[PDB]
Number of protein chains: 2
Amino acid sequence: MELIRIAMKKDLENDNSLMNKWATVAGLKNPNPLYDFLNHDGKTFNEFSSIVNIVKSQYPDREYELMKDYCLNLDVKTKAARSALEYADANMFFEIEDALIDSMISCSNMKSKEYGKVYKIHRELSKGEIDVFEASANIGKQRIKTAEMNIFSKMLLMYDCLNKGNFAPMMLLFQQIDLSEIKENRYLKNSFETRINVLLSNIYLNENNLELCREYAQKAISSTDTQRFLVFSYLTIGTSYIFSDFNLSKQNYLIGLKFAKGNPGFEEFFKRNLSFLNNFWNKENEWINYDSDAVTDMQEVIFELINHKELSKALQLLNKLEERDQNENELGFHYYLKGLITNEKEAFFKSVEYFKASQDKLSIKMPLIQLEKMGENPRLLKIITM
Amino acid sequence: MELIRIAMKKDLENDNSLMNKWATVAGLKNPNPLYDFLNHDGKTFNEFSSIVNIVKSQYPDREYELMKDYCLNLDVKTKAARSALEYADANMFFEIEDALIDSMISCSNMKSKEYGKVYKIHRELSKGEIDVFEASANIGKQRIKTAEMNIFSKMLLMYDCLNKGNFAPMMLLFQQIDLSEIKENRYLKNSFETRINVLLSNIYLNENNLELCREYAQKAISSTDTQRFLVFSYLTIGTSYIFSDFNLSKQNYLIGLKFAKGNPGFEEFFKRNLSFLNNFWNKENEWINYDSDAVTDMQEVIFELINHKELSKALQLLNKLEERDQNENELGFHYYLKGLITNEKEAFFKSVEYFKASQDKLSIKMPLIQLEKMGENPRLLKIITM
DNA sequence: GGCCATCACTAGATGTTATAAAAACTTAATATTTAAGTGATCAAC
DNA sequence: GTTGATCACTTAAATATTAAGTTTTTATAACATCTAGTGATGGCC
């Protein structure tokens with residue numbers, strides 16, 4: 001018997017009003033399906049949200065271990081298990097996802113075989129075990145029946161397009177999606193609407209189109225309770241405001257930090273961004289990590305020194321970092337800081353060049369603003385960012 | 001009976017030494033296969049070059065009519081017909097190609113079905129009836145057996161990559177090709193070596209990498225006597241020299257013009273390029289078309305006027321052209337000419353902008369050289385071409 | 001006496017399975033055709 | 001008497017086709033599982 005059913009049975013023995021409340025949360029008109037859920041082994045709900053809404057409302061602090069145990073006990077032949085796969089992948093619960101894919105490939109149900117295979121392609125592609133042509137070929141081979149995996153196979157490609165910065169082909173795949181084809185599984189339809197909106201959000205930020213980027217980040221947030229999509233949407237909104245509005249930047253970053261509670265990985269994104277936002281706007285900065293070997297953290301300590309007019313100590317530390325292997329996007333920030341200390345145009349030109357080589361359409365604005373103040377042709381500096 | 005066999009039979013009745021000479025040209029160690037070719041209906045050669053070499057050596061002035069008739073009378077179920085398809089496509093003989101594909105799709109031979117289908121994908125893709133994901137999926141679906149169409153399906157994608165200026169994925173597909181897999185059909189292996197060398201040549205010219213571009217254009221020329229590959233290789237070498245070496249530019253264009261004799265379409269590429277080369281280097285220009293409505297021809301008459309210091313007549317004509325819908329690459333050249341007449345930096349800035357928007361990494365050098373003379377920071381101008 | 005949890009029936013819309021029908025797919029085993037030898041046969045000279 | 005065009009043998013390697021033994025689609029049909037109603041039964045107040 002699944003931990004979720006044990007914990008619901010224990011709680012209902014105490015507070016006998018819970019079933020009508022669980023129905024409301026599960027979107028059920030009456031709780032007969034929930035009595036059937038607690039009473040009869042391997043009962044499932046038509047829509048996987050019935051179970052997720054409840055695990056979320058009622059046992060939030062144990063969502064992983066509960067949904068793991070429930071997902072890893074499901075009939076892989078069933079719509080529930082195809083939904084579990086989307087929930088697994090959307091939250092980046094790989095142990096669960098890979099396990100559900102394994103079972104669904106070698107299973108007897110044609111829908112669950114399809115979903116299982118297409119998710120394997122998405123997994124292999126995102127990990128870097130295959131390129132987009134291999135992937136797009138494995139899709140073609142699969143002879144996809146369902147509107148669901150027709151849409152999702154286009155989306156798994158949109159993710160690889162997003163990794164390579166490639167707007168034109170992403171939008172080409174996006175034009176071909178009509179989510180109103182998804183009729184069987186409304187959990188997927190809604191989870192895919194969140195994915196598309198997050199995707200559009202990240203490609204528009206990358207194409208340095210800030211107003212659309214927020215429009216789509218907000219649609220994503222309206223439409224979801226999934227931690228991963230909330231964290232990234234607020235990060236994307238936070239970054240959309242770095243140069244235009246310090247409070248909206250800080251506000252969206254802090255909201256995203258709340259939603260990342262107990263995922264140090266997700267929390268560091270916000271801490272590092274808030275570190276940079278505050279140093280950039282010359283504010284007291286509580287987010288610095290004075291203990292970190294990481295080039296990015298050592299840069300923010302240098303940037304604070306520069307803001308505190310400790311130019312000689314900043315230059316001593318920057319020249320120690322030159323002795324050290326840095327990627328191009330790091331050297332972009334290096335020469336920008338060497339620029340702020342020395343007021344040498346050459347440093348800013350290298351900063352612009354390194355950001356240009358790293359395909360960073362956002363950081364490049366930093367050394368370009370300094371070059372416009374030092375009197376370089378604005379019309380030329382604009383041409384560099386096109 | 002095929003026209004090629006009629007005309008070979010007629011000529012041999014006159015000069016009875018021809019068979020041993022035709023064998024040498026056909027790469028045959030003795031002419032028994034050629035007696036079998038003339039004597040017995042539907043005899044074919046192991047390698048389609050045996051027949052092409054001869055039609056080329058012996059009846060050059062009627063190569064289309066002869067090879068059409070021979071190709072469109074072949075057993076589509078045979079290696080010859082799969083070779084005819086490559087020869088059809090390589091020379092852009094679409095009437096023949098599409099006809100051979102039609103017959104090979106609905107035929108009973110597994111190899112000739114495969115080749116027939118893969119060429120349809122290449123045709124649909126190049127024409128713009130499908131995008132690269134559709135194509136890459138149709139390949140995946142086809143369950144390709146043969147090393148030949150494994151390599152060719154990668155190549156048909158490299159053509160779409162080339163159209164969209166996408167170096168990274170082109171080279172990714174290229175890394176995966178090993179032509180030493182082709183064991184059955186040495187005609188395809190050699191024809192594909194020419195295609196990939198031409199492909200590499202055009203992508204490197206586009207990435208403004210001129211020495212590699214020539215290296216590959218030259219390998220292509222070594223490896224072939226196909227008009228279309230010769231024409232484009234010499235055009236590519238011609239263009240590779242436009243800014244660096246006027247004589248090598250003019251020389252390679254003129255060689256390519258000889259090889260284009262009697263294809264007005266191919267000849268216009270050379271005439272228009274020689275028109276521009278001569279105007280650019282301020283030489284007497286015989287190639288101008290004073291009669292043409294075409295924006296690019298009217299630009300070269302303006303450019304000659306500018307070289308002859310008839311600036312007021314040049315400005316009158318340029319201002320007529322503004323009244324007129326032009327693509328971005330045309331407006332790039334427009335503002336460059338408006339620049340040369342008026343000495344207005346704004347015109348050169350627009351020229352740089354329009355070349356940048358049209359992804360023309362070669363023409364952009366033109367307005368950039370003017371901006372460097374007018375005193376603009378060369379270190380900044382270099383960053384624009386990164 | 002009324003309300004409210006419980007929960008098995010129930011109707012009907014939906015989702016799953018299973019069970020032959022018809023296609024596409026290996027495979028291996030002949031069967032054709034190929035280049036290039038060998039050797040008449042007639043012409044030439 | 002020699003030569004060299006002609007051509008059908010030939011052999012042995014390579015290309016092709018047929019066949020029949022496996023998977024794989026398919027579809028129309030026959031069965032389970034859903035949600036949300038209905039109604040029972042029993043605490044509770």
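Below, chain A is the first sequence line, B the second, and so on; all start at residue 1.
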Pucker family that the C1'-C2'-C3'-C4' torsion assigns to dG15(C):
south
Check every strand shown and say whether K145(B) touches a base, only sugar-phosphate, or nothing at a heavy-atom separation below 4.0 Å.
sugar-phosphate
Under the side chain to side chain donor-acceptor pair (under 3.5 Å) rule, what do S191(A) and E86(A) come out as? Steps first, then yes or no, please.
CA-CA 8 Å; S191(A) 194; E86(A) 167 56 17; 2.3 Å; yes
Should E65(A) and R62(A) count as an ion pair when the cut-off is N to O under 4.0 Å?
yes
Salt bridge between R195(B) and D89(B), side-chain N to carboxylate O under 4.0 Å?
yes
Please report the C-alpha distance between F152(B) and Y119(B) in whole Å, then the side-chain angles of each, then the deciding distance to 0.1 Å, and finally whether the ring pair (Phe, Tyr, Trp, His ring centres under 6.0 Å) criterion is met.
CA-CA 9 Å; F152(B) 188 68; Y119(B) 276 78; 4.3 Å; yes
Does the sign of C1'-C2'-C3'-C4' make the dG21(D) sugar north or south?
south
Suppose the criterion is side-chain hydrogen bond (donor to acceptor under 3.5 Å, both in side chains): which pairs have a residue in residues 41-52 of chain A, not counting sequence neighbours?
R5(A)-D41(A), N46(A)-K79(A), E47(A)-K79(A)
Which nucleotide span of DNA chain D, 5' end to 3' end, has atoms closer than 4.0 Å to non-hydrogen atoms of chain A?
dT25(D) to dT38(D)
Electrostatic pair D225(B):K56(B) at N-O distance under 4.0 angstrom
no
Donor-acceptor pair between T146(A) and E184(A) side chains, under 3.5 angstrom
no
Using a strict cut-off of less than 4.0 Å between a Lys/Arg side-chain nitrogen and an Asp/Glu carboxylate oxygen, indicate whether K120(A) and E124(A) qualify as a salt bridge.
yes
Determine the sugar pucker of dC34(D): a positive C1'-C2'-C3'-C4' angle counts as north, a negative one as south.
north
Near-strand residues of residues 69-79 of chain A, defined as heavy-atom separation under 4.0 angstrom from DNA chain C
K77(A), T78(A), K79(A)
Modelled atom types, side-chain donor and acceptor of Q142(A) and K117(A), under 3.5 Å:
no
Working to the nearest 0.5 angstrom, can you tell me the gap between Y187(B) OH and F45(B) CZ?
14.0 Å
Please round to the nearest 0.5 Å and tell me the distance separating atom CG of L34(A) and atom CH2 of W22(A).
8.0 Å
For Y64(B) and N91(B), which I'm curious about, is there any donor-acceptor pair between the side chains at under 3.5 Å?
no
Identify, via the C1'-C2'-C3'-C4' dihedral, which side the sugar of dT10(D) sits on: north or south.
north
May I ask you to list the residues of residues 12-24 of chain B, by number, that have any heavy atom positioned under 4.0 Å from an atom of DNA chain D?
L12(B), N16(B), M19(B), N20(B)
Judged by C1'-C2'-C3'-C4' (positive north, negative south), is the sugar of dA23(C) north or south?
north
Bracket notation of DNA chain D in which parentheses pair within the strand, [ ] cross earlier pairs, and | pairs with another strand (Watson-Crick or G-U, under 3.5 Å):
|..||||||.|||||.||.|....||.|||||||..|||.||.||
What distance do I105(B) atom CD1 and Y115(B) atom OH have between them, rounded to the nearest 0.5 Å?
16.0 Å
Can you build the contact string for nucleotides 33-45 of chain C? Use B for base contact, S for sugar-phosphate-only contact, and - for no protein heavy atom under 4.0 Å.
-SSBBB-------
